[PDB]
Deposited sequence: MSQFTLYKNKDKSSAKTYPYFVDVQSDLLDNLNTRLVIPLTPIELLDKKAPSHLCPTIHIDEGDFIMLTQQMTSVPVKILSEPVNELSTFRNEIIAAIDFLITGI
């Protein structure tokens, strides 16, 4: 669901990308894939965010579609960052 935080269930990639922010329209969430922005821990366009789960770089430039089956159940609500997220996506595509 849009702007929800999910844990990355893909064990290989989870060390680098422990969470995903879902950025897909809810109208399309019967698809088998989900457009997401990966988060990477700061310890390892791309704002820094501080959420209950830790401190992350939101890697907008690595936005990607993933199989829905690699998403956990919802972990946290990041709808509060929705305008920052949409601005980052708009920057990636438009340069503005």
* Unmodelled stretches of the deposited sequence, numbered from 1? -> 1, 46-53
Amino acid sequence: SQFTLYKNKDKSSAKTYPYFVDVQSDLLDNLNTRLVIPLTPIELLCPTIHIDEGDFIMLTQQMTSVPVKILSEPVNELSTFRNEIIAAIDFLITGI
From here on, numbers count along this sequence of modelled residues.
* Asked: Looking at the other compared entries that model residues on both sides of it, is residue 44 unmodelled in at least a third of them?
  -> yes
* **Residue range whose averaged C-alpha B-factor is higher in the record, 46-54 or 23-31** => 46-54
* **Selected stretch [higher average CA B-factor]: 10-18 or 72-80** => 10-18
* To do: Please place residue 5 in the lowest, middle or highest third of its chain by C-alpha B factor as given in the entry.
  => lowest
* Could you tell me which third, lowest, middle or highest, the C-alpha B-factor of residue 64 occupies within its chain? => lowest
